[PDB]
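Participant: Here is my input, please return the structure:
(chains A, B, C and D, ligands or ions: 6)
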Amino acid sequence: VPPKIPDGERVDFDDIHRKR
Amino acid sequence: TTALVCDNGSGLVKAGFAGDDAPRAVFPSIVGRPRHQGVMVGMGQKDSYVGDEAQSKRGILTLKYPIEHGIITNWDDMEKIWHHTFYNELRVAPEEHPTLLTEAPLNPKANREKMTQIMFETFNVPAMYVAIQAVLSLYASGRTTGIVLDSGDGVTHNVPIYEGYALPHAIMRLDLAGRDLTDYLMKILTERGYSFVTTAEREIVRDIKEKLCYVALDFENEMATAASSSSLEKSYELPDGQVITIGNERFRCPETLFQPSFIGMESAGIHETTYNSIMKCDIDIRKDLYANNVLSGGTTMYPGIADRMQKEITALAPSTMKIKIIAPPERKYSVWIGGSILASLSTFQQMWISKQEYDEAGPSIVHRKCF
Amino acid sequence: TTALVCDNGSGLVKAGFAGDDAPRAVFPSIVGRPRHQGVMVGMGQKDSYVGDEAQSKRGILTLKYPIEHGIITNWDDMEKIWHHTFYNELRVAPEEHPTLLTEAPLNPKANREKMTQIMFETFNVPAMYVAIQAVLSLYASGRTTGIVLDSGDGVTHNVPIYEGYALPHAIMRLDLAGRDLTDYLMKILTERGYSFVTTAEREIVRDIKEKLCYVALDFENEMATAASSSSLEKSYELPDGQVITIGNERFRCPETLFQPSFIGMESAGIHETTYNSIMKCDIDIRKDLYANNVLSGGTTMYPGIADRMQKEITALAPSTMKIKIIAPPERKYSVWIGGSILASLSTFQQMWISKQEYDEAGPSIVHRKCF
Amino acid sequence: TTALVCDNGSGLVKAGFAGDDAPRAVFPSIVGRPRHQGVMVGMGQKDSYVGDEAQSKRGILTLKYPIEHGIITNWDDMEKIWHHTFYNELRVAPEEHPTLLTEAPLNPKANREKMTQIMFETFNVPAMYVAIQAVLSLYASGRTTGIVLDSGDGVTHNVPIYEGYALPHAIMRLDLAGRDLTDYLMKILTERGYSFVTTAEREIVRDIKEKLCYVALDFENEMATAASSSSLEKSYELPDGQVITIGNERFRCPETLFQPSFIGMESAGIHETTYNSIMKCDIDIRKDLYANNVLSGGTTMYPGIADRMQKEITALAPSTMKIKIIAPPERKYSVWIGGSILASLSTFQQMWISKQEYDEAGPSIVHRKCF
Ligand SMILES: Nc1ncnc2c1ncn2[C@@H]1O[C@H](COP(=O)(O)OP(=O)(O)O)[C@@H](O)[C@H]1O
Ligand SMILES: Nc1ncnc2c1ncn2[C@@H]1O[C@H](COP(=O)(O)OP(=O)(O)O)[C@@H](O)[C@H]1O
Ligand SMILES: Nc1ncnc2c1ncn2[C@@H]1O[C@H](COP(=O)(O)OP(=O)(O)O)[C@@H](O)[C@H]1O
Ligand SMILES: [Mg+2]
Ligand SMILES: [Mg+2]
Ligand SMILES: [Mg+2]
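Facilitator: Numbers count the residues shown, from 1 in each chain, chains lettered A, B, ... in the order given. Ligands and ions are numbered 1, 2, ... in the order given. Pasting the structure now:
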């Protein structure tokens, strides 16, 4: 099987703003 | 203390509180699982997208209708849809509200039995009732006589009723419906080069059918007109550009309703089954049925169907009788309107199937006088 | 306990601890052995110069890259580079830190298997994970969809991902990258008078390419202008004096990316490979990929590529759709930044390959669902 | 005056005089233009090499197939192919012989119309007739009924015919054919190290597929065996040496036919679409179609496909009824044999499209009763 991403919750697109 | 008027249908689940004029939530009845691999982690992507949420991610899902022709073929999917409808689309607990479901006539009884059993066992609803899909539409129009043609999305039936009395021996059902029209439109749209195969593109073809297809008054004359003129050339914008041009195909899709031999059906068209059903009933109320012909189902929203159907019936009917077709503008929600009206009636307050009745007689109580 | 995110690539090794903003150690990935005799005794002469030292003493060395096109061809040099990276650039023992390697898509399986075996037997790491080099690049932008073209230094691969679901059947790989551009530049510099042959001078040509080359917006008119006017001819200083003047070779070397017929390659340029990989995707997610194209890799750092790409894609794609090319200022480290972000996630803590699993199943464990 | 039973197909043009058993001229349908410079003078280098000539000089050409999936994409190249077939490979004038073209079912009618226009305008054939690629294959078998699955190199089309009557509502067409299998073989051969990019090496890949690939009786058992044993690895020699060893890729390549989920296509395999088409037929003719399944086309020449097909159909079909697969050994040339048989019939001699009828009625006569 491909890499089955385990079931989490979140998150993204806040890190980019924080970095900028 | 309020009643819930649910309408399963096949393709557009419509639900809302009783006593209103519009349903609260209308969403497609589709359950779509993902098909690709999935590499990014932490997205919290669920394993089953249902309802209106699933029609936004059709690219990475396999949308699947759990209802083929009225009947239910995947009870797990229908349970998911009912749970999503009751808990997320209405935000109303099912434990303190009656339920009024609708069923197409002449279906297998096991479907109704399983429906009632699931509704009473898992959801633990206080009381539920199953009603005929066309009688509710007839009640919604404020009348009490005539024959109703309910061209839904899965099944097309004709129900004649007179002064509140139905005729079980004159009900004509045909499995031709909007789904077959969509399939035929997809099949004939390949003659120009545009090929749709994926189950997701079926919804694109369905949208094209809703926005463009129409019923011609005269089939052969219009087809001859389209071969020389170019006024029927209609353009449409696909969800990624590359507009397409539909010519005479736009009125070949609904022509299947009148000539089912296009899709291999041996049976007759819609205007002929109604005529046969009318001639099958008593000779004393034929004129009343002629005077109270009412269309139902969303599929009867095609531009110009009520005129060609009227012309065909008038040609087939004797010249003395007068043929009128009642076409309410809100024929899409007519069944839900009838359910809302019926749930508010005081005389109907005692026809429900109480929880005690189910615990006493089991799910088989549906087949009894108490439907 | 922090994680080690090493990103070998092909040409520049970038390494640093998880959770930082920029890699702590970046250096060219070359191993340089001496080729002359040596007459002074006891000068602390080494038997192989690795890392950035080999390009400082590159006068008497024969630099040999250990990775030709993504695939690793000389394992001994790779072991030398990994040892120098761990012990001398970060000075951290490998047996007390997890590792996150990155591998180009569509690589031979033996490469990954041998990489895992070396990392588990020689350095004896607790747990290591291999990830596709473009997924981290997409992680860096903070998005969850889009098509990322990671035109690195050894291989150029274009991976589209929608809502975290990658499309394995639409991955397009081309072997034209910075190394072949450098070779073509070294070949066309002989048309003016300067000849570079030995492997030590390929670094000089690489520096010239990095410092002077630029991608023209339109090729024909720019070529016509550069052959008539004299405003583009720019001068450069070689490391011994002897300044050179490059004219139309500035924009002709990077033009190969958009027109691989210069080196005789069969495939189309990177402006048509992206569109072809987009069109291979389903019809519903083409608009989002059109509006969310992402660029990455060192070789996409040329001044004037984001506008040429936009113009070419607009020429190819349907006119109505909006086309946006994302070009973050930190394109070079986008993959490593994505890797650092990935290694810091909480849900990622159970994706590592436990050493017990390797001992139970051998190096072929990487191909399993544990990627 | 004899008839020319031509069969353009897609990838392999077969033609010859009517009444024979095998085509006199069979050659790949490729149009090849030079791509390198060319410096020698007086060599008589033409600007386009087609047919078998392009299979001897493919090193310095850019081969381009003119038929992608049934549809025609380069009309000038197709004209060159027909010109080479008539004037060069058979040495017969077109003005003195009728012609029988072959067309795949459910294709755009514009292609058929333009084919007729090209045939009657350029070559000035006395009469031409287009025939469905499945009816001819059924005729060649010598019977009159059955369901024929003719998976050529462009399309895989399944047509059931009963007592000489076709069922237009039961024709299932998939775009998965030999070309996509070749592409998948190219994509999986990069897992070992052998990378093919140029369009000329695709011919080497096709030769490998013809010579070594085979269909497993059971996919999972063979896949598990191939990872432990080494009895499946076969060696092959490229045109310059470099012997390569194929392991489990031999049966992973043709498995895409029964599992189109490998290349991302949504449609089911060829084992299930035929069964679905059979179920679409009436309930009174299903047993006969079960008993007379007929295979043809090049793509059905894999050793061991008739066993997998029969096993899958028997698993799907009801247990009692018999399933018999008709797999003639010369199934590759089946369509040409059927065309030769049909053109030699006296009853068919009155079904041609007369030149005067096209002249007075235009190219659109083909869609009419003369079809
Ligand atoms: N405006 C419209 N014009 C033409 N066809 C329509 C229109 N709206 C809906 N339809 C067809 O009717 C179907 C919806 O019918 P509906 O009445 O919702 O079925 P059900 O009885 O299951 O609720 C759709 O699948 C569509 O094909
Ligand atoms: N500023 C720049 N301008 C033009 N080209 C560059 C620039 N920086 C790096 N390159 C090219 O990119 C290559 C480095 O690419 P990189 O992203 O490090 O590859 P990898 O994916 O192996 O890390 C160098 O070989 C050089 O040719
Ligand atoms: N002996 C064989 N074994 C496996 N595959 C074959 C064999 N011969 C031909 N093929 C495949 O079939 C294709 C030829 O199919 P063909 O029947 O000529 O197509 P068409 O219907 O266009 O004539 C080739 O491209 C090849 O991939
Ligand atoms: Mg309905
Ligand atoms: Mg890189
Ligand atoms: Mg064929």
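Participant: Next, count neighbours for residue B:259.
Facilitator: 13 (other CB atoms under 10 Å in any protein chain shown). Where C-beta positions appear, they are placed from N, C-alpha and C, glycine not excepted.
Participant: What number of residues are in the vicinity of residue 19?
Facilitator: Defaulting to chain A. 12.
Participant: that's the other chain; I wanted chain B
Facilitator: Residues lying near residue B:19 (other CB under 10 Å) number 12.
Participant: my read: it touches residue B:342, true?
Facilitator: No: counting by CB atoms under 8 Å, residue B:19 stays clear of residue B:342, with 10.8 Å between them.
Participant: dump the residue contacts of residue B:108.
Facilitator: Going by CB atoms under 8 Å, 6 or more residues apart in numbering or on different chains, residue B:108 touches residue B:71.
Participant: for the one 4 residues further on, same thing?
Facilitator: The contact partners of residue B:112, by CB under 8 Å, 6+ apart, come to B:103, B:130, B:366, B:367.
Participant: and if we set it to 7 Å?
Facilitator: Residue B:112 makes contacts with B:103, B:130, B:366, as judged by CB atoms under 7 Å, 6 or more residues apart in numbering or on different chains.
Participant: same deal with residue B:120?
Facilitator: B:128, B:355, B:358.
Participant: same for chain A: which of those are within range?
Facilitator: Residues of the contacts of residue B:120 in contact with chain A (CB under 7 Å from any CB of the partner chain): none.
Participant: Return a ChimeraX selection command for the buried portion of those residues.
Facilitator: Selection of buried members from the contacts of residue B:120 for ChimeraX, criterion 16 or more other CB atoms under 10 Å in any protein chain shown:
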select /B:128,358
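Participant: can you redo the contacts of residue B:120 as CSV with distance to ligand 6 and secondary structure?
Facilitator: Formatted as CSV, those follow (distance: CB to the ion, whole Å; DSSP: H, G, I helix; E, B strand; the rest coil):
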residue, distance to ligand 6, secondary structure
B:128, 57, strand
B:355, 65, helix
B:358, 61, helix
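Participant: and which of the contacts of residue B:120 is nearest residue B:315?
Facilitator: Nearest to residue B:315 among the contacts of residue B:120: residue B:128, at 44.3 Å, using CB to CB.
Participant: List the beta-bridge partners for that closest one.
Facilitator: Going by DSSP bridges, residue B:128 is paired in beta bridges with residue B:99, residue B:353.
Participant: who's in contact with residue B:370?
Facilitator: Taking CB under 7 Å, 6+ apart as the criterion, residue B:370 is in contact with B:351, B:353.
Participant: measure it to residue B:105 for me?
Facilitator: Noted for residue B:370: a distance of 17 Å to residue B:105, by CB to CB, to the nearest Å.
Participant: Likewise for residue B:1?
Facilitator: 31 Å.
Participant: Comparing those two, which shows the higher neighbour count?
Facilitator: Set residue B:1 next to residue B:105 and count neighbours by other CB under 10 Å: residue B:105 wins out with 19 against 5.
Participant: which residues sit in contact with the more buried one?
Facilitator: Residue B:105 sits next to B:132, B:157, B:159, B:171, B:173 when contact means CB under 7 Å, 6+ apart.
Participant: How about the third one: what's its closest non-neighbour residue?
Facilitator: To tie it back to what came earlier, the one meant is residue B:159. With CB to CB, 6 or more residues apart in numbering or on different chains as the criterion, residue B:159 has its nearest non-adjacent residue at 3.8 Å, and that residue is residue B:134.
Participant: on contacts alone, who are the packing partners of the host helix or strand of the one you found?
Facilitator: Assigned by DSSP states H and E, residue B:134 belongs to helix B:133-140. Helices and strands touching helix B:133-140, by 3 or more CB pairs under 7 Å, 6 or more residues apart in numbering or on different chains; DSSP states H and E, are strand B:99-103, strand B:145-151, strand B:156-162, strand B:293-296, helix B:334-344.
Participant: Recalculate using a threshold of 10 Å.
Facilitator: strand B:4-7, strand B:99-103, strand B:145-151, strand B:156-162, strand B:165-166, strand B:293-296, helix B:334-344 (3 or more CB pairs under 10 Å, 6 or more residues apart in numbering or on different chains; DSSP states H and E).
Participant: and the residue of chain A nearest ligand 2?
Facilitator: Nearest to ligand 2, among the residues of chain A, is residue A:19, at 19.3 Å (CB to the nearest ligand atom).
Participant: For the helix or strand encompassing residue B:114, list the C-alpha coordinates in CSV.
Facilitator: According to DSSP H and E, residue B:114 maps onto helix B:109-121. C-alpha atoms of helix B:109-121 as CSV (Å, rounded to 0.1, in the frame of the first residue of the first chain):
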residue,chain,number,x,y,z
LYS,B,109,-42.3,-5.0,0.8
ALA,B,110,-39.0,-6.0,2.3
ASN,B,111,-37.8,-2.4,1.6
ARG,B,112,-40.5,-0.9,3.7
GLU,B,113,-40.1,-3.5,6.5
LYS,B,114,-36.3,-2.9,6.7
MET,B,115,-36.9,0.9,6.6
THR,B,116,-39.3,0.9,9.5
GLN,B,117,-37.2,-1.6,11.5
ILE,B,118,-34.0,0.5,11.1
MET,B,119,-35.9,3.7,11.9
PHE,B,120,-37.4,2.2,15.1
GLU,B,121,-34.3,0.3,16.3
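Participant: Taking strand B:99-103 as reference, get the angle to it.
Facilitator: If you take axes from the mean of the first three to the mean of the last three CA atoms, to 10 degrees, helix B:109-121 sits at 170 degrees to strand B:99-103.
Participant: Would you mark the buried spots in helix B:109-121?
Facilitator: Buried residues in helix B:109-121, counted by 16+ other CB under 10 Å: B:111, B:112, B:113, B:114, B:115, B:116, B:118, B:119, B:120.
Participant: Residue B:25 touches residue B:4, doesn't it?
Facilitator: No: with contact defined as CB atoms under 10 Å, residue B:25 does not count as touching residue B:4 (11.4 Å).
Participant: out of the contacts of residue B:112, who has the most neighbours?
Facilitator: Busiest of the contacts of residue B:112 [other CB under 10 Å] is residue B:366, holding 22 neighbours.
Participant: Perfect, I'm done here.
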